[PDB]
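Asks: Here it is: the structure, laid out below.
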Amino acid sequence: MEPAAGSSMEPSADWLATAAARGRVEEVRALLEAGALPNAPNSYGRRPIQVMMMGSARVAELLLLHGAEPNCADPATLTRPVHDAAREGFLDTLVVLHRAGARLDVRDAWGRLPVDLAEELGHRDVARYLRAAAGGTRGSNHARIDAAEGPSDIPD
């Protein structure tokens, strides 16, 4: 197909994602501000922020504030972007997610939580804030449910 004029049809959003995965805030900052798609389908079946290197909450800010996928996850393992933040121990990213719109009480298909991963890798700062917004729960029985909608006068 004679390209270089009518080809392309490129949802140049892949860049805001690839640049994010490469820890490139400046690249995404200008890209998305230039027209980068906020919800573009990548080849990794991952959202535009779940693949932002998780080493620069700034990337999630532009993306999230622009319309990233801080809520939607993967239909294969339900990996929400909430895990990606705690996975690298980045609490700044968690704030942006809950600062604009991001469900932090999901599961990784298998049954693990974003707060359970942080406590295992050593991201206490994120596992703590996660147990508050992500797993907003306590213990014992009765109250706001007392804990992860399960252990209480509620069997699940």
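So you can find residues: chains in the structure tokens are A, B, ... in the order shown, residues in each start at 1, and ligands are numbered from 1 in order.
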Step one, run DSSP on the backbone; step two, keep only residues of chain A assigned to alpha helix (DSSP H); then write them as a VMD selection string.
Replies: chain A and resid 13 to 21 25 to 34 57 to 66 81 to 88 91 to 100 114 to 121 124 to 129
Asks: Name all residues at most 9 Å from region 102-116 of chain A (count only C-alpha atoms; drop same-chain ones fewer than 6 positions away) and give them as a ChimeraX atom specification.
Replies: /A:69-72,74-87,94,96,123-124,126-131,133-136
Asks: Keeping N, CA and C atoms, export the residues of the selection given above as a CSV table (one decimal), in the first residue's frame.
Replies:
chain,number,residue,atom,x,y,z
A,69,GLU,N,-6.4,4.1,31.6
A,69,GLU,CA,-7.3,3.0,32.1
A,69,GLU,C,-6.9,2.6,33.5
A,70,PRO,N,-7.0,3.5,34.4
A,70,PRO,CA,-6.7,3.3,35.8
A,70,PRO,C,-7.8,2.3,36.5
A,71,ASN,N,-8.9,2.1,35.8
A,71,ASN,CA,-9.9,1.2,36.3
A,71,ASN,C,-9.9,-0.1,35.6
A,72,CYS,N,-10.2,-0.1,34.3
A,72,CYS,CA,-10.3,-1.3,33.5
A,72,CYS,C,-9.0,-2.1,33.7
A,74,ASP,N,-7.0,-6.4,32.7
A,74,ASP,CA,-6.9,-7.4,31.7
A,74,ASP,C,-7.9,-8.5,31.9
A,75,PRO,N,-8.7,-8.9,30.9
A,75,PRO,CA,-9.7,-10.0,31.1
A,75,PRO,C,-9.0,-11.4,31.3
A,76,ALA,N,-7.7,-11.4,31.1
A,76,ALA,CA,-7.0,-12.7,31.3
A,76,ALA,C,-6.7,-12.9,32.8
A,77,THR,N,-6.0,-12.0,33.4
A,77,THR,CA,-5.7,-12.2,34.9
A,77,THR,C,-6.3,-11.0,35.7
A,78,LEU,N,-7.2,-10.2,35.1
A,78,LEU,CA,-7.8,-9.1,35.8
A,78,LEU,C,-6.7,-8.2,36.4
A,79,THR,N,-5.6,-8.1,35.9
A,79,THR,CA,-4.5,-7.3,36.4
A,79,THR,C,-4.9,-5.8,36.4
A,80,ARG,N,-5.3,-5.2,37.4
A,80,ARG,CA,-5.6,-3.8,37.4
A,80,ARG,C,-4.3,-3.0,37.5
A,81,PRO,N,-4.4,-1.7,37.1
A,81,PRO,CA,-3.2,-0.9,37.1
A,81,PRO,C,-2.8,-0.6,38.6
A,82,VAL,N,-3.7,-0.9,39.5
A,82,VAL,CA,-3.4,-0.6,41.0
A,82,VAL,C,-2.2,-1.5,41.4
A,83,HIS,N,-2.1,-2.7,40.8
A,83,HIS,CA,-1.0,-3.6,41.2
A,83,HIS,C,0.3,-3.0,40.7
A,84,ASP,N,0.3,-2.6,39.4
A,84,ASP,CA,1.5,-2.0,38.8
A,84,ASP,C,2.2,-1.0,39.7
A,85,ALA,N,1.4,-0.1,40.3
A,85,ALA,CA,1.9,1.0,41.2
A,85,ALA,C,2.6,0.3,42.4
A,86,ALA,N,1.9,-0.4,43.2
A,86,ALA,CA,2.4,-1.1,44.4
A,86,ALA,C,3.5,-2.1,43.9
A,87,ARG,N,3.4,-2.7,42.8
A,87,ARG,CA,4.4,-3.7,42.3
A,87,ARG,C,5.8,-3.1,42.4
A,94,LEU,N,-0.5,5.5,43.0
A,94,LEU,CA,-1.7,5.1,43.6
A,94,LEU,C,-2.6,6.4,43.9
A,96,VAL,N,-2.7,9.3,42.3
A,96,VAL,CA,-3.3,9.8,41.0
A,96,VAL,C,-4.5,8.9,40.6
A,123,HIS,N,6.6,-3.2,49.5
A,123,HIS,CA,6.1,-1.8,49.3
A,123,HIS,C,5.1,-1.4,50.4
A,124,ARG,N,5.6,-1.5,51.6
A,124,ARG,CA,4.7,-1.1,52.8
A,124,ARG,C,4.0,0.2,52.5
A,126,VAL,N,3.0,1.5,49.9
A,126,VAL,CA,1.8,1.3,49.0
A,126,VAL,C,0.9,0.2,49.6
A,127,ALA,N,1.4,-0.8,50.2
A,127,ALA,CA,0.5,-1.8,50.8
A,127,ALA,C,-0.4,-1.2,51.9
A,128,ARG,N,0.2,-0.2,52.6
A,128,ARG,CA,-0.6,0.5,53.7
A,128,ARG,C,-1.7,1.3,53.0
A,129,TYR,N,-1.3,2.2,52.2
A,129,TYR,CA,-2.3,3.1,51.5
A,129,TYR,C,-3.3,2.2,50.7
A,130,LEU,N,-2.8,1.1,50.2
A,130,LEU,CA,-3.7,0.1,49.5
A,130,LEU,C,-4.8,-0.5,50.4
A,131,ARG,N,-4.3,-0.9,51.5
A,131,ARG,CA,-5.3,-1.5,52.5
A,131,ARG,C,-6.3,-0.5,52.9
A,133,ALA,N,-7.5,2.4,50.8
A,133,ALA,CA,-8.4,2.7,49.7
A,133,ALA,C,-8.6,1.4,48.9
A,134,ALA,N,-7.6,0.7,48.5
A,134,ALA,CA,-7.8,-0.6,47.8
A,134,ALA,C,-8.5,-1.6,48.7
A,135,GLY,N,-8.0,-2.0,49.8
A,135,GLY,CA,-8.7,-3.0,50.7
A,135,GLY,C,-9.2,-2.3,51.9
A,136,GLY,N,-9.9,-1.2,51.7
A,136,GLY,CA,-10.5,-0.5,52.9
A,136,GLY,C,-11.2,-1.4,53.8
Asks: With a distance cut-off of 10 Å and only C-alpha atoms, select the neighbouring residues of region 57-63 of chain A, excluding the residue or stretch itself and same-chain residues fewer than 5 positions from it, and output the selection as JSON, numbers by chain.
Replies: {"A": [16, 17, 19, 20, 21, 23, 24, 25, 26, 27, 28, 29, 30, 31, 32, 33, 36, 37, 38, 39, 48, 49, 50, 51, 52, 68, 69, 70, 81, 85, 90, 91, 92, 93, 94, 95, 96, 97, 99, 100]}
Asks: Choose the residue, out of A:88, A:64, A:141, A:7, that has the smallest atom-to-atom separation from residue 121 (chain A); count only C-alpha atoms.
Replies: A:88
Asks: Fewer than 2 positions away in the same chain doesn't count, so skip those; otherwise give me all residues within 12 Å of residue 151 (chain A), counting only C-alpha atoms, as a ChimeraX atom specification.
Replies: /A:137-149,153-156
Asks: Write out, as a short mmCIF file (atom, residue, chain, number, x, y, z; two decimals), in the first residue's frame, the residues just selected, with N, CA, C and O atoms.
Replies:
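Result file is part.cif:
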data_model
loop_
_atom_site.label_atom_id
_atom_site.label_comp_id
_atom_site.auth_asym_id
_atom_site.auth_seq_id
_atom_site.Cartn_x
_atom_site.Cartn_y
_atom_site.Cartn_z
N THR A 137 -10.51 -2.00 54.77
CA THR A 137 -11.15 -2.97 55.70
C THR A 137 -10.46 -2.94 57.08
O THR A 137 -9.52 -2.20 57.29
N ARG A 138 -10.91 -3.75 58.01
CA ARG A 138 -10.27 -3.77 59.37
C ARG A 138 -10.08 -5.22 59.84
O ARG A 138 -9.18 -5.91 59.40
N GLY A 139 -10.92 -5.69 60.74
CA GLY A 139 -10.78 -7.09 61.24
C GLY A 139 -12.04 -7.47 62.04
O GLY A 139 -13.11 -6.93 61.83
N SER A 140 -11.92 -8.40 62.97
CA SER A 140 -13.09 -8.82 63.80
C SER A 140 -14.37 -8.97 62.97
O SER A 140 -14.35 -9.47 61.86
N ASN A 141 -15.50 -8.56 63.51
CA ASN A 141 -16.78 -8.69 62.78
C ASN A 141 -17.64 -7.42 62.93
O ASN A 141 -17.47 -6.65 63.86
N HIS A 142 -18.58 -7.23 62.04
CA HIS A 142 -19.50 -6.04 62.12
C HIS A 142 -18.74 -4.70 62.09
O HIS A 142 -17.60 -4.62 62.47
N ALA A 143 -19.42 -3.67 61.60
CA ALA A 143 -18.86 -2.26 61.47
C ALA A 143 -19.04 -1.84 60.00
O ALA A 143 -20.14 -1.87 59.48
N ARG A 144 -17.98 -1.52 59.29
CA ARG A 144 -18.13 -1.18 57.84
C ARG A 144 -18.10 -2.49 57.07
O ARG A 144 -18.00 -2.53 55.86
N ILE A 145 -18.18 -3.56 57.82
CA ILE A 145 -18.14 -4.98 57.33
C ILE A 145 -17.00 -5.68 58.06
O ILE A 145 -16.88 -6.89 58.10
N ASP A 146 -16.19 -4.88 58.68
CA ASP A 146 -15.02 -5.35 59.50
C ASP A 146 -13.81 -5.74 58.66
O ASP A 146 -12.68 -5.51 59.05
N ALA A 147 -14.02 -6.31 57.54
CA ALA A 147 -12.86 -6.70 56.67
C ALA A 147 -13.28 -7.30 55.33
O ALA A 147 -14.39 -7.74 55.16
N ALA A 148 -12.36 -7.30 54.40
CA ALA A 148 -12.58 -7.85 53.01
C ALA A 148 -13.92 -8.59 52.86
O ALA A 148 -13.95 -9.80 52.83
N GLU A 149 -14.99 -7.86 52.76
CA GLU A 149 -16.36 -8.49 52.61
C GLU A 149 -16.31 -10.02 52.65
O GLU A 149 -16.41 -10.68 51.63
N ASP A 153 -20.64 -11.10 59.86
CA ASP A 153 -22.03 -11.66 59.83
C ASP A 153 -22.42 -11.78 58.35
O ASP A 153 -23.56 -12.00 57.98
N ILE A 154 -21.42 -11.64 57.53
CA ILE A 154 -21.56 -11.74 56.06
C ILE A 154 -20.54 -12.78 55.58
O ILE A 154 -19.36 -12.61 55.80
N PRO A 155 -21.01 -13.84 55.00
CA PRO A 155 -20.10 -14.93 54.56
C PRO A 155 -19.40 -14.64 53.24
O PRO A 155 -18.75 -15.51 52.68
N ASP A 156 -19.49 -13.45 52.76
CA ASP A 156 -18.80 -13.07 51.47
C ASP A 156 -19.36 -11.75 50.93
O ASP A 156 -20.34 -11.28 51.48
#
Asks: For a test of reading the model, state the distance in Å between CA of residue 73 (chain A) and CA of residue 46 (chain A), rounded to one decimal.
Replies: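 Between CA of residue 73 (chain A) and CA of residue 46 (chain A) the gap works out to 7.4 Å.
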